[PDB]
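What follows is data03.pdb (PDB, C-alpha atoms).
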ATOM      1  CA  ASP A  34       0.646   6.249 -11.197  1.00  0.00           C
ATOM      2  CA  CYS A  35       4.111   5.654  -9.589  1.00  0.00           C
ATOM      3  CA  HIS A  36       5.759   7.164 -12.705  1.00  0.00           C
ATOM      4  CA  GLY A  37       4.799   4.042 -14.717  1.00  0.00           C
ATOM      5  CA  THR A  38       6.325   1.561 -12.219  1.00  0.00           C
ATOM      6  CA  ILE A  39       4.402  -1.675 -11.649  1.00  0.00           C
ATOM      7  CA  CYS A  40       4.744  -2.683  -7.967  1.00  0.00           C
ATOM      8  CA  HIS A  41       4.564  -6.240  -6.558  1.00  0.00           C
ATOM      9  CA  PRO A  42       0.866  -7.184  -7.065  1.00  0.00           C
ATOM     10  CA  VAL A  43       0.470  -8.739  -3.582  1.00  0.00           C
ATOM     11  CA  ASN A  44       3.218  -7.287  -1.329  1.00  0.00           C
ATOM     12  CA  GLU A  45       3.038  -3.629  -2.455  1.00  0.00           C
ATOM     13  CA  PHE A  46       0.714  -0.982  -3.793  1.00  0.00           C
ATOM     14  CA  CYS A  47       1.293   2.225  -5.725  1.00  0.00           C
ATOM     15  CA  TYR A  48       0.766   4.984  -3.143  1.00  0.00           C
ATOM     16  CA  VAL A  49      -0.379   7.970  -5.142  1.00  0.00           C
ATOM     17  CA  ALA A  50       0.528  10.481  -2.396  1.00  0.00           C
ATOM     18  CA  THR A  51       4.230   9.775  -3.035  1.00  0.00           C
ATOM     19  CA  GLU A  52       3.782   8.062  -6.429  1.00  0.00           C
ATOM     20  CA  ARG A  53       6.020   5.280  -5.092  1.00  0.00           C
ATOM     21  CA  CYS A  54       5.437   1.621  -4.259  1.00  0.00           C
ATOM     22  CA  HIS A  55       4.802   1.023  -0.571  1.00  0.00           C
ATOM     23  CA  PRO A  56       4.520  -2.230   1.383  1.00  0.00           C
ATOM     24  CA  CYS A  57       1.010  -3.545   1.939  1.00  0.00           C
ATOM     25  CA  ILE A  58       1.965  -5.097   5.301  1.00  0.00           C
ATOM     26  CA  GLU A  59       2.545  -1.665   6.771  1.00  0.00           C
ATOM     27  CA  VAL A  60      -0.815  -0.141   5.761  1.00  0.00           C
ATOM     28  CA  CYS A  61      -2.746  -3.316   6.779  1.00  0.00           C
ATOM     29  CA  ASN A  62      -1.111  -4.143  10.137  1.00  0.00           C
ATOM     30  CA  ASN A  63      -2.968  -2.086  12.751  1.00  0.00           C
ATOM     31  CA  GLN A  64       0.102  -2.217  15.027  1.00  0.00           C
ATOM     32  CA  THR A  65       2.145  -0.002  12.655  1.00  0.00           C
ATOM     33  CA  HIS A  66       2.542   3.778  12.477  1.00  0.00           C
ATOM     34  CA  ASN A  67       1.425   3.739   8.790  1.00  0.00           C
ATOM     35  CA  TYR A  68      -1.761   1.733   9.343  1.00  0.00           C
ATOM     36  CA  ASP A  69      -4.678   2.968   7.229  1.00  0.00           C
ATOM     37  CA  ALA A  70      -7.868   0.850   7.257  1.00  0.00           C
ATOM     38  CA  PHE A  71      -9.261   2.484   4.106  1.00  0.00           C
ATOM     39  CA  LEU A  72      -6.052   2.246   2.068  1.00  0.00           C
ATOM     40  CA  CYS A  73      -5.489  -1.321   3.272  1.00  0.00           C
ATOM     41  CA  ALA A  74      -8.985  -2.291   2.081  1.00  0.00           C
ATOM     42  CA  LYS A  75      -8.828  -0.430  -1.251  1.00  0.00           C
ATOM     43  CA  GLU A  76      -5.305  -1.265  -2.401  1.00  0.00           C
ATOM     44  CA  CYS A  77      -4.072  -4.357  -0.555  1.00  0.00           C
ATOM     45  CA  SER A  78      -6.767  -6.520   0.957  1.00  0.00           C
ATOM     46  CA  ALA A  79      -8.070  -8.529  -1.983  1.00  0.00           C
ATOM     47  CA  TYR A  80      -4.671  -9.422  -3.443  1.00  0.00           C
ATOM     48  CA  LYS A  81      -3.456 -11.188  -0.287  1.00  0.00           C
TER      49      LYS A  81
END

Represent the structure contained in this file as structure tokens.
Amino acid sequence: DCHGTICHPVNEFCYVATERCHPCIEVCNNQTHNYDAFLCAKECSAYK
């Protein structure tokens, strides 16, 4: 996962498609291009 990198536990998640850390605010904000309800729920929602 993310080549061993540990992302910010609240502000980021390890996105396995790219194996890089990505910002949670982008996948959770439904006004963004990157919004993804499922990925927001699974990877970001409970850490907020």

### Message
Once the PyMOL selection byres ((chain A and resi 50-54) around 9) is applied to the coordinates I shared, what remains selected? I want it as a ChimeraX atom specification.
### Response
/A:34-36,38-41,45-49,55-56

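Atom CA of residue 81 of chain A sits 12.8 Å away from atom CA of residue 62 of chain A.
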
#### Entry: Result set of the PyMOL selection byres ((chain A and resi 68-77) around 9) on the coordinates above, as a VMD selection string
chain A and resid 42 to 48 57 to 67 78 to 81

Please give the centre and size of the box around segment 36-43 of chain A (axis-aligned, containing every atom listed in the file, 5 Å added per side), with values in Å to one decimal and written as lines of an AutoDock Vina configuration file.
center_x = 3.4
center_y = -0.8
center_z = -9.1
size_x = 15.9
size_y = 25.9
size_z = 21.1
